[PDB]
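Structure 1 and structure 2, given next as structure tokens, are two forms of the same protein chain, each shown alone.
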Structure 1
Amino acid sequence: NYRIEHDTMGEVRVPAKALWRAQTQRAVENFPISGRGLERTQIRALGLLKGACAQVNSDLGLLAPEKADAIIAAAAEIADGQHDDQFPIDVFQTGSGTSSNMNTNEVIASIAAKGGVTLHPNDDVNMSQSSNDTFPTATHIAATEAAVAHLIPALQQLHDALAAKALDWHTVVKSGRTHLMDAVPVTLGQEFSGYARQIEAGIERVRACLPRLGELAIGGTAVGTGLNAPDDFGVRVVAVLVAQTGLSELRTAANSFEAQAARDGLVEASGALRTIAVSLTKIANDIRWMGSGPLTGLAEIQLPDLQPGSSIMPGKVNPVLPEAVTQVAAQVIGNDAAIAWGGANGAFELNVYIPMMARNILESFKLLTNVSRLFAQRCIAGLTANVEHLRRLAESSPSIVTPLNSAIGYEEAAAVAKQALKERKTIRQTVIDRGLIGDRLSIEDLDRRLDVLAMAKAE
């Protein structure tokens, strides 16, 4: 049921059917901490990087073409997700990600062996590389792809759903709320245009971090000097990665020492994700408050029904998607604090918090991507406004008596506001009931002064 493998420290017993070897098995026994390993996106990025490195080593005549072809074929299988069960090392491993780097090299060597090609995991699969430049490179590839190919399109879909509702509800007049108290009129469309701008500003924030998030350490080797790698190894690997993936945001780092001694690009990108979580909290909280009730809440809008709300209270339906959004936002805030903590504590030539920082930034990208699409499609798209109820409260608000001052005086306007609340009537009906229609104020003049939609000043 087991086999014997070797490294510079001795013999190691490895499960017979595992594609990994001695160094991965040592890491399995050294780090049983979370029971969770690398994600699909991380394994994909490691496979992409190893294939591109083999291509460049072959191009420079440093690696035999048959060996390079075997790495490229094996690495493509890893990048496609055919061997995700061959990456058992915990996230909480050696801080440079050496163990997961060794894990990729050993799995490539075992795949190639099945095709009759002998590869040395270090001498062939890790040629011109170090763990110190490859694991952060794979991390930054995965984070750049998560930003460009998944998060930005998901945020754009949420922006478009919010902007469509802002247009549908352009004339849906309602009463404004400041400090949670009755204020002057607004439209439901104006509030949703505000939410749309928060998401649009979110996309701008992600785009602004891309020139530094896309910076790759590849070619810097052990300390950033590029020792034991060709001088143009970095630019050549990046050129191959851009041609294969289409991820134009990928680039060699401006400074090779900053690219390995620190992970400031991840701290920066997390700050953008954290700001999006802050924006999403406001939007989701306002939406669940607008849908509150039906009889003891605000009852401004109706959220689409997604599932029975209670195991005990029958008929009750809860805002389950705003709840999922606010919980994701809390997770992003938490992950952000762990990333910054890891980011600050590098030492000299290497920051050794990379696997922990990678786990947190990639999870925040994933959670925000998936919850934004669900929020857009299963909540925002199907919202219904209680138009008549919203207009009635705006027309019954004591805040709209101020344009009556030049006709009846502020004293009489305050008396109108007081009687309207007491009798639960509109300001218009109260002005009529108090016998104020005459030479001083006509009904046409009253409807002009109390035009709540005009007070909202919609475009």
Structure 2
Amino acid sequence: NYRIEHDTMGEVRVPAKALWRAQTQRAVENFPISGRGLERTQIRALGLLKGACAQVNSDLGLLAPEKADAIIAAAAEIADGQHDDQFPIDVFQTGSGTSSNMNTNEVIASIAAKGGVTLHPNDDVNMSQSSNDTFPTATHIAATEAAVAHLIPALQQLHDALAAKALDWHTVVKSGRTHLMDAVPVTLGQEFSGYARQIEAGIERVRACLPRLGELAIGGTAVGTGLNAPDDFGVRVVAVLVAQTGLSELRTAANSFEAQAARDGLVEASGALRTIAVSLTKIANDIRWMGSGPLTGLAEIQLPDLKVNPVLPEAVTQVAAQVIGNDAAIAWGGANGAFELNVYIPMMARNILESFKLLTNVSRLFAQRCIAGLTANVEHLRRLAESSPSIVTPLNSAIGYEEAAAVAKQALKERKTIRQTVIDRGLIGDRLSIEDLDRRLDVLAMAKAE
């Protein structure tokens, strides 16, 4: 079953029950590429932004109250997720997001028609707007919400789990490893204090990009000049959005031309996500190597079972690879704007929103189902600390580097302890007493735990 709809290019056959109209149906036929459309968070931001625009147009007396009420009601239904099946357009559509903007306009007009209100998708639902300012605004609203309300709390949860282990394992001495080779002692707590700082630095990196990620193009209309919008449209809409979302990070753009010609805020934010992926790869790799074996590996810690494969470190490192790939796609799209508009917005939006979701979800899972339940093999870790030939290092000031190197070489060759080799080489005397040797070779004291 089908019905006839029309646009300025002509008549289009639209499925009888569909709430979208002619322009969405053209886009369905023009872009069957990935088979995936906008995400729930994108549809929510478009619905929120359409409702805020109707409210401001109503406040400025440009749109009749009956029409504004119809738009606001329909836009609220869309934002709440009651019509996600009415957004069938592929991500890989026209680069401005024109087709998804018209999808929102057409669906609102159809919802309002059911309520007995006639709205023109362009003249009423899109009053004072363009896709050029609306689609990147909805993208930056979704990205800012993902960063502030989801990713930062997830990272804070992971930071707190790592910090709890840094405290619990403060004196769990082990051998440090540099270049994968036996080094001087460290504590498992000190290593986890390093992982915790990497995550805290990640939170700082996300926060540092919010002044530009939260910049919205709304009000710039077609090219940034604000033509066909009231001069204070942007400031008024952003105030409505801040009041409704509670996201004080949302702001009008510093420059209305930069806000539409470029998507540099998304490139910057993806760089912060890419850095988080890089830190997470190091943390997850160290954790699966510490849990490796038991017989053929390091067997330093035991990971919670979900013979235990390190499944959450594998999920983490796979997510990090995806974030790195997504980051390359975002920068490629970001560089290729032309004149008044960057036309890679739907692709850049897919990738940045995906990177926020993956990092948010895998960070919470890693914290709760892997980090929280880790157990240390305390006796084995102490034995490893004591067996490194590099424990000879604190003797450098007493016997010199060259003699200390001869001690380590001989201890390994003769299968003797460093302490015994120092004694055997006749190094005990005025420069090093037996009591000093024993103080210097104490592995926990050698870790200099705070």
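Between two forms, the rigid core is defined as the largest C-alpha subset superposing within 1.5 Å. One-based numbering along structure 1's sequence throughout.
Which residue in 390, 49, 38, 404 stands out, with a C-alpha shift of 2 Å or more between structures 1 and 2 when both forms are set on the rigid core?
Just 404.
Does residue 421 count as moved between structures 1 and 2, where moved means a C-alpha shift of 2 angstroms or more after fitting the rigid core?
The answer is yes; the displacement is at least 2 Å.
When you overlay the rigid core, is the Cα of residue 58 off by 2 Å or more between structures 1 and 2?
No; residue 58 is a residue whose C-alpha shifts by less than 2 Å between structures 1 and 2 when the cores are overlaid.
Cα of residue 13 displaced 2 Å or more between structures 1 and 2, core superposed?
After core superposition, the displacement of the residue 13 C-alpha between structures 1 and 2 stays below 2 Å, so no.
Keeping the rigid core fixed, what distance in angstrom separates the two C-alpha positions of residue 452 between structures 1 and 2?
So the C-alpha of residue 452 has moved 1.0 Å between structures 1 and 2.
Core-aligned, what does the C-alpha of residue 352 shift between structures 1 and 2, expressed in angstrom?
For residue 352, the alpha-carbon shift amounts to 0.4 Å.
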